[PDB]
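The chains carry the letters A, B, C, D, E, F, G, H, I, J, K and L, assigned in the order they are written, with residues numbered from 1 in each.
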Amino acid sequence: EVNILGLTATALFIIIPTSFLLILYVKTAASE
Amino acid sequence: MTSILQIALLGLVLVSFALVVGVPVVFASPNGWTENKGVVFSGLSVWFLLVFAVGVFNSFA
Amino acid sequence: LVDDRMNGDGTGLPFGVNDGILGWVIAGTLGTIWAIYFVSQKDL
Amino acid sequence: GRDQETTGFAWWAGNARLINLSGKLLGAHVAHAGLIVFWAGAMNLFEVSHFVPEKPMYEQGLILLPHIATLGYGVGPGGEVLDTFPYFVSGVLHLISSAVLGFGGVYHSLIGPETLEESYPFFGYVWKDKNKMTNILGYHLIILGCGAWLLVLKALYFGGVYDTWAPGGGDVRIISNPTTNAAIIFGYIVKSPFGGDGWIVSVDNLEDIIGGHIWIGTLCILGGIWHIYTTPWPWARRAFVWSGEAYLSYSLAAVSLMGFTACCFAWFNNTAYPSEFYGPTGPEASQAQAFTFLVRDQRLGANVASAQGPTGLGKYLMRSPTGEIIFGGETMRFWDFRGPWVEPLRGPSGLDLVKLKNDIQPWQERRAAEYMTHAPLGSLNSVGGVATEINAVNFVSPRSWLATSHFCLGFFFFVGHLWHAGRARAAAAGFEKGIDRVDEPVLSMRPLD
Amino acid sequence: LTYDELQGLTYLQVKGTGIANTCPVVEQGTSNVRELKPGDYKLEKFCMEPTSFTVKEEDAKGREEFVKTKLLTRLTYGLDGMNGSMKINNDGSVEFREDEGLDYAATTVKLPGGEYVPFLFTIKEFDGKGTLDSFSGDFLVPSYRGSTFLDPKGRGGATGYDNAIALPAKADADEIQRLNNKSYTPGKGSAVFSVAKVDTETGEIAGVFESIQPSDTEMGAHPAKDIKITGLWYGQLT
Amino acid sequence: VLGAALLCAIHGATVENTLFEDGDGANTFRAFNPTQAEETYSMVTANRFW
Amino acid sequence: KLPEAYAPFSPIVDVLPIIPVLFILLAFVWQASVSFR
Amino acid sequence: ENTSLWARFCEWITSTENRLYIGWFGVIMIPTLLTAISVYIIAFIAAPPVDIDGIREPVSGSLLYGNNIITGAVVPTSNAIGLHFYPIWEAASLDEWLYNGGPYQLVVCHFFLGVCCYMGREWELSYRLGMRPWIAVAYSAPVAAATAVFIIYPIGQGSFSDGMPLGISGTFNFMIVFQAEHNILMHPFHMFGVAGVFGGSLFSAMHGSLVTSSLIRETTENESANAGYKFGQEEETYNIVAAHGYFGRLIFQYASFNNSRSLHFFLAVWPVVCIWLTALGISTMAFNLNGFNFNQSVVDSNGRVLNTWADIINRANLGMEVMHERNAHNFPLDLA
Amino acid sequence: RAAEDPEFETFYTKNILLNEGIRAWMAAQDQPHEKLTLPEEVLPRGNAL
Amino acid sequence: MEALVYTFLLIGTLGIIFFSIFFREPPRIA
Amino acid sequence: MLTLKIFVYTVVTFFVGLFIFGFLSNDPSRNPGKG
Amino acid sequence: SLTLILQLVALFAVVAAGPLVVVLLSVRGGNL
């Protein structure tokens, strides 16, 4: 069982743009 | 008896038609309601008379 | 019957009341809010 | 009339230009009474004109001859039309009344007094004269009580109105011993609006209907005397907004409510809206499907009590959600049906299979015109029944049509109530034309975060 | 509620109260049971309602036990309106046999844990042989559905696709249980009865029963389980 | 498309109900002046409202 | 149908329902004739 | 006013200083909507399979019973119910209540009350902020649509089972069986609604473009063009005369929308009245008035049935009705 | 899962089967170049409709 | 693993909505 | 099992009573305007 | 038929009466 390809695809599509948006947010708030 | 009722109803249609085309014009006429009082009373009395005539002619027709 | 059911579905129950305790607590809650509002009316 | 720059309102708001002109209000209102009575008389004349006497009277596209026929005016024992003269005389009297009403309306709009209280204190009113508003409510409520007692006079003393529940298929019956008791009348008005009972669409018998009319006439007359002889209370004057615009909002919300109610009345009732004169409702013609099929296959030779359908419940019978036996079609959503041809087939506990086998009546059997055609399908463009049915018959059910017209127009009146509710509240506050641009409530109170 | 007072109630009073689901009882009768006069009877109105619904399940350790359940079905479980006969002698042997009526009921029940078990509560084609105290027999059990019933893929028995419409590359010797068999062979069940509260004047017997019948086989894909039904029945002798 | 119809309706209604006084006639459409440089609606009031 | 004494007037009857709809349309003519004042 | 418990309660409920204004419409909006949200989430996660059709042949519609979110849905009540009001206390068990279809009745009833009280809450904030109140009037179109597909259609067809399921695949199924038995796509109100949603998107893009183009330079390609002046001045930005000039030069410059109030009223009224009309079309077919039935409409001299686009749609609609309720029909005509 | 279990179904499954119905009953005259003279017993139905 | 994925994305988006509603940047310029 | 019904009926009448007396309780004067 | 001819002449008489009234009030003074 378990669709590991879909699990990986969904997991990276969450984490990588989320980390991208959060890193620009925290670096923007670090130096306003 | 049917012909009398039919002629009375036709006259009532024409009288009501005259009242419809005349009452708003005469009312909204500048200084017209105080001068056409006689003809409006005549038209209304005739209208009511033909209504009552058709009513009493239904029972014989 | 195989189970205990309320068996009040339909039958023309006013406000869906089937036992008197429910009507009494409805009237009690409305009267409680009414007493609070009346004693605390006129703002002050 | 008057112009915009002095009234403040554009042409598409011009009927509000006469808010403070009671005489023009009277002219517009009497003219509207003329319009309503004119449509009533005209349509009664058409429905007289387009009549086919041999057919049942619901396939001719007639909406209000059922209104006269529900009063029993020219109705046979089984439901035969017999005569059309009462419908004709009703239409003509309405037309003459329309002419006199319209003449009075145009007179008060044009040459009638521009403002009423300077010559007629009895007829003039500012919209804060709460005592005289209550007097007007008293007058109108006395009128409504008189109309209800008029229906009382017809039902008990003039020998009219059709009961669909008389044995053999109904009869026009002079109602003796109407049920006026407060327990049944109030339990009829305070129950649930769903299929278990139905709130206001639940009146199964005309003694119950006429007893409710006793109650409404007595209550309206006594409340009319009350409203005439009393003054508004401080709690009412604080909670309510008193202006002509707020009064519109109250009237609009109320009339939308009774419009929604009238829609449901037309959709479900077969008692105050006779199926023989209106066509079948939703649950019937489907109860008629199941009934005709059960009698037909028990006629051929196949049993129905041991007959089992495709899904395990029964093709022709099953048990209801409550322990009673109900019809086995897809009409099992309509097990709460009550129509004049099922009570002689209705047993206390079950459907009385031996009664179904033997005690079947041929009026019940011949009640198949509701089944075959006339179901409350009918499309926007007539045609037959379901959306796939082809151009074979010209029919639509007046129940459907004066249900949907009424509910749509009641929804629009709910919207009008919302509009004038908000505008009346904002105008009584003082900002109907907007915020004052220099001292806003926004800048006076705290920021959110 | 004895049948005599049930007929005197209007159709509105019973509506929504569930007393139509309740079978009539006997209060004026006797419990002598063997007192009933022998001969041939042609009785009518078999009333039959359940009181419990317990389902047999098989553990993988080797013992026989039952367990109570919770009904998903509402008040559609009683049997009402049959007719039949028994041939009674002086000693007590009977020849009970139903003929025709509402001899089935669609019912759905779940075991603890949450497994759907629908069944058709049938009593049809029941032969009754034995004494009044305890007489049993066998009754025909239909499948549940007609052969025209459709699965959500549209396949079926008498009508349907009977092939893998959803996926075209699966028709091997694996879907035989799901596609090829589609069995509706009717099973058989055993119901043991007992006659209690006999009436002498008008001939009314109203006892209890315990019926073993198999559950639904659905489409024959999975084997049926046994369901025992305990309840009370009623009948009027003529 | 449903969000676009949403935005069109909500924006039109919000502007129409924040139109300020801008006159003494109750017809607010004539209360607008194409010459004036002030906003026709209170976006502060609109923002705190939503 | 109409009775025998009123049968010839049925075509004159047969044009009435549009008149209330013509009333609001007449109001539109009124409002255009006063040039939308 | 300050030592009075009810006066304190009123001045907190009607306080516009809160993060979310609640008011007297909010004290009845919040519990119904929160209840509906809670039971909707719990049912969408772990709803046991529910029999929608009254034929003891249920659908799952829940994630923990083996489907994804778009194919999973809160499913309408049983056909055994109809409009029969089945809440938890009408069931001997939560389990039987779930199988019968009660959570749909609960979410739909609570969502109806919550949406109407959201209408009222929006009007209430408009009043307490000193505005004009017609936000609720513009909001009346989604409210009318929600009532039409959750209450009006169950009333008209006699059963909550015919109502719109809370889902996406369920939405498509209800929508398609609605096509099959009512022919909405050939109805003037639905054409007005489609014209209105397309026009609402059109006017949204048009207004957005005409006023984002009409920009006096205060925000450059940087975050803003504050070099002229920083934040804190009443010198207003943007333009509205040039937008009307561009729209006038666009086609014929006579149906002038020069007044910004007239323009925004038109953008407010067009999609609202069109969604009003399409919701009323749903309401008309609740009382089962359908749309245009243009089948068998074109014939030749010999009277032969001459095929038409309407006949194409008709055969599609009847091919839709044949799978509609495969086993829940025992009888030929579909009325119940 | 709907193939291995005749008990599982969704509104999605209903929609797929309904799409098959649309295809079968409409393409017959919608695509005249295909000469689709498919008889009525291969065209699929429900019960009673 | 299928169902918890859907549950997590749904409740996560609802969490972002909650956080944006109550813990947003306070609004400036009108 | 009717205990759930009693509890929910009580809380429903409580919320409805808050609504009824809240709008009975001089609601139109809860306005910043001169009215 | 004669029924259709009467229907049409009655139709024309009832549709042309209103504009006749407004034109007569426009040419016979005003106060409309």
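By definition in this document, contacts are C-beta pairs under 8 Å (C-beta built on N, C-alpha and C of every residue); 3 or more make two chains touch, one makes a residue touch a chain.
Counting steps between touching chains, the shortest path from chain D to chain G takes 1.
By number of C-beta pairs in contact, H-J leads over the other of H-J and F-J. Averaging Cα coordinates per chain places chain B and chain G 18 Å apart. Chain B and chain K have CA centres that are 60 Å apart.
Distance from the chain B centre to the chain E centre is 81 Å, each centre being the mean of its Cα atoms. Centroids built from CA atoms put chain K at 52 Å from chain E.
Within chain A, no positions touching two or more other chains are listed.
Of all residues in chain F, those touching 2 or more other chains are 18-19, 28-29, 31, 44-45, 48, listed in ascending order. Residue positions of chain H with contacts to 2 or more other chains are 19, 56, 58, 80, 84-85, 89, 92-93, 126-134, 137, 318, 321, 323, 325-331, 334.
Contacts from chain G toward chain B in the complex involve residues 4-6, 8-9, 12. In the complex of the two chains, the chain H residues touching chain D come out as 16-17, 19, 54-57, 79-85, 119, 123, 126-134, 136-137, 140, 144, 152, 155-159, 161, 180-183, 187-188, 276, 280, 283-284, 286-297, 314, 317-318, 321, 325, 327-331, 333-336. Chain contact summary for the complex, chain C toward chain H: residues 3-6, 9, 36-37, 40-41, 43-44.
Interface residues of chain A, counted against chain J in their complex, comprise 2-3, 7, 10, 14.
Put simply, chain H touches chain E in their complex at residues 48-49, 51, 56, 58, 80, 92-93, 95-96, 99-100, 323, 326-327.
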